[PDB]
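The first residue in the sequence is number 1, and the count goes up from there. FYI, side chains are in, hydrogens and waters are out, and symmetry mates aren't considered; it's all heavy atoms of this structure.
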Amino acid sequence: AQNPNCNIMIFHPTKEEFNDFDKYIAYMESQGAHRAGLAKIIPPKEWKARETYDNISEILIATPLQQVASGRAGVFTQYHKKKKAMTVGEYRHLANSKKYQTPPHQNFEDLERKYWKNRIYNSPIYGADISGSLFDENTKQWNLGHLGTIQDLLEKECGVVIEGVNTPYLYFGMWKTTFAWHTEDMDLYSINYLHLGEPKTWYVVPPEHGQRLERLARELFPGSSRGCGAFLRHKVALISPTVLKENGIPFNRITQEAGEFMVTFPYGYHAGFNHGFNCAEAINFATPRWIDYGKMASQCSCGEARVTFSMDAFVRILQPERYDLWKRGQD
Ligand SMILES: O=C(O)CNC(=O)C(=O)O
Ligand SMILES: [Mg+2]
Ligand code: NI
Ligand SMILES: [Zn+2]
């Protein structure tokens, strides 16, 4: 069995290997990459996402989200307070202001210590989930707006044609902006490209051990667990590495830098934080190996998780027994 310790693997494809996206994902899996839940892909030196980032300041963040924490430093939830619209140029200036800028630090490890010590005492503002793309249309390799769609994959594997679309999303971050512990909708893959700016630190639980994280989360967030049998779908709960180690939960960590891709694999729980002003692009995708995970994915039916139009068909076809209850949670 490849990668039996479930370590995060780092790949360096050549320009030739970068041509065929599906083939490269299957390659990485042949080497055991999925066992970690997360992999890093460093593009060949010849590749670029676009020519420059000099002209992005007029992109609108219609609903910036202020991430307000409650709890203790290593075990907290966050809620998202909506703020007034602002442009990327306005947000960048805000991120660089004395109130929000990255503090002085020695290295990534020191910054990670500071994040876990101090996150809860601040409320950073995140531009998340903005439909759009920063890939040049002429970038032919690993262009996250030109991937094969999940609807087409389900149709190819299962024969059923379904409605829905699959487009990328932009994320504009600042120091301490936080992504809570989650798997993807329908336990899909994700791919994330850090276009510019400061790093993003990731934490991940191997898919084979995801239920250990879920059981800890039910212990640590007992009211939320009574409210919903899949409350991590709400994407609000944070647990620090120190707390995970105290409770014996298997996990790994890695820092993504600008110019790097990360892939999350089906049922790989992940969480993390941004180091400073940055912009990332991410999208979900599927492969044949996903289908079995999609059929078994948990679902939130309490009303909180509320998701895209396109998840309807995935539930309806892969999880017909759950469909009626889930759809009630959508309405
Ligand atoms: O970058 C972020 O804030 C969160 N991204 C992801 O969870 C991802 O790409 O799957
Ligand atoms: Mg612009
Ligand atoms: Ni994710
Ligand atoms: Zn719920």
Side-chain angles (χ1 to χ4, degrees), residues 49 52-71 73-74 76-81 83-134 168-182 190 192-203 235-241 253-262 270-282:
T52 80
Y53 291 89
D54 291 336
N55 303 112
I56 66 171
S57 307
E58 313 308 304
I59 293 169
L60 193 67
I61 309 170
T63 314
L65 304 174
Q66 177 167 55
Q67 301 186 294
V68 179
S70 297
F76 63 90
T77 59
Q78 59 188 10
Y79 86 91
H80 293 171
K81 181 173 171 162
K83 308 293 282 187
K84 290 198 161 150
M86 79 183 70
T87 65
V88 165
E90 291 163 340
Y91 179 84
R92 179 175 66 231
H93 191 257
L94 184 70
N96 293 337
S97 68
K98 291 188 189 173
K99 180 172 184 63
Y100 291 110
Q101 72 181 209
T102 316
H105 62 283
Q106 293 296 332
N107 51 42
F108 294 168
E109 184 171 346
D110 185 31
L111 194 70
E112 180 183 41
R113 179 193 67 70
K114 288 173 186 297
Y115 174 85
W116 296 102
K117 186 180 161 54
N118 298 317
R119 160 69 185 95
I120 64 168
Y121 301 112
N122 296 85
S123 300
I125 294 169
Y126 207 175
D129 295 314
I130 295 162
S131 292
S133 185
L134 291 171
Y169 295 89
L170 303 179
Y171 301 81
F172 289 95
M174 68 169 63
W175 171 235
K176 286 171 174 171
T177 52
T178 302
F179 52 110
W181 282 106
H182 71 283
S190 68
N192 182 301
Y193 182 69
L194 191 53
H195 279 282
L196 65 95
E198 303 317 305
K200 187 186 300 283
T201 291
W202 301 66
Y203 306 89
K235 308 192 308 187
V236 303
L238 279 299
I239 305 164
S240 74
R253 76 193 81 192
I254 193 169
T255 299
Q256 176 192 22
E257 299 187 75
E260 305 178 339
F261 291 90
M262 305 299 295
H270 55 283
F273 64 90
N274 294 307
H275 290 206
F277 172 70
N278 64 18
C279 172
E281 180 170 342

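In this structure, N96 has no side chain to side chain donor-acceptor pair (under 3.5 Å) partners at least two apart in sequence or on a different chain. Applying the ring-ring contact (aromatic ring centres under 6.0 Å, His included) criterion to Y91, with sequence neighbours excluded, gives no partner residue. A search for side chain to side chain donor-acceptor pair (under 3.5 Å) contacts involving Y171 returns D129, not counting sequence neighbours. Under the rule for a side-chain contact (heavy atoms from CB on, under 4.5 Å), the partners of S97 that lie at least two apart in sequence or sit in another chain are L94, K99, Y100. Residues satisfying the salt bridge (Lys or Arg N to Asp or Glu O under 4.0 Å) criterion with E198, sequence neighbours excluded, are absent altogether. Remark: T178 pairs with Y115, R119 by the side chain to side chain donor-acceptor pair (under 3.5 Å) rule, at least two apart or across chains. For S57, the side chain to side chain donor-acceptor pair (under 3.5 Å) criterion is met by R92, not counting sequence neighbours. Applying the side-chain contact (heavy atoms from CB on, under 4.5 Å) test to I59 and every residue at least two apart in sequence or in another chain returns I56, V88, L134, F172. Looking at residues two or more places apart in sequence or on another chain, you find a ring-ring contact (aromatic ring centres under 6.0 Å, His included) between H270 and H182, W202. Listed by chain and number, the residues in a side-chain contact (heavy atoms from CB on, under 4.5 Å) with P199 are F108, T255, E257, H275 (sequence neighbours excluded).
When atom types are taken as modelled, the side chain of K176 and the backbone of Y121 share no donor-acceptor pair closer than 3.5 angstrom. Distance alone, capped at 3.5 Å, is enough to place a donor-acceptor pair between the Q256 side chain and the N192 backbone.
Residue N274 holds its CG atom at 10.5 Å from SG of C279, rounded to the nearest 0.5 Å. In this structure, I130 CD1 and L60 CG are separated by 8.0 Å, a value rounded to the nearest 0.5 Å. Separation of atoms NZ (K83) and CG (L65) is listed at 10.5 Å; rounding is to 0.5 Å. The CE atom of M174 sits 10.5 Å away from atom CG of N278, with the distance rounded to the nearest 0.5 Å. Expressed to the nearest 0.5 Å, how far CD1 of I61 lies from OG1 of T87 amounts to 7.5 Å. Summarising the geometry, atom NZ belonging to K84 is positioned 13.0 Å from atom CD1 belonging to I125; distances are rounded to the nearest 0.5 Å.
Counting all heavy atoms, side chain and backbone alike, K200 lies closest to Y126 at NZ-OH, 3.3 Å. In terms of heavy-atom proximity, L238 sits nearest to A271 at CD1-CB, 4.2 Å. Listed here is the closest heavy atom pair of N122 and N118: OD1-O, 3.4 Å. The minimum heavy-atom distance linking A280 with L194 is given by the pair CB-CD1, 4.0 Å. Heavy atoms only, all atoms of each residue included: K114 and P104 are closest at CE-O, 3.4 Å.
Ring orientation note: the planes of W116 and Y203 are nearly perpendicular, at an angle over 60° on the 30°/60° scale.
With no hydrogens or angles considered, a side-chain donor-acceptor pair links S133 and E281 at under 3.5 Å.
Screening residues 100-111 for salt bridge (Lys or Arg N to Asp or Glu O under 4.0 Å), with sequence neighbours left out, gives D110-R113.
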Give the intermediate values and the outcome of side-chain hydrogen bond (donor to acceptor under 3.5 Å, both in side chains) for residues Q66 and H80.
CA-CA 5 Å; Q66 177 167 55; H80 293 171; over 6 Å; no

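Exactly one of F261, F277, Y53 qualifies for a ring pair (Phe, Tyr, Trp, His ring centres under 6.0 Å) with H195. That residue is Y53.
Atom NE2 of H105 sits in a crowded spot, with more than 12 heavy atoms from other residues, nucleotides or ligands closer than 6.0 Å.
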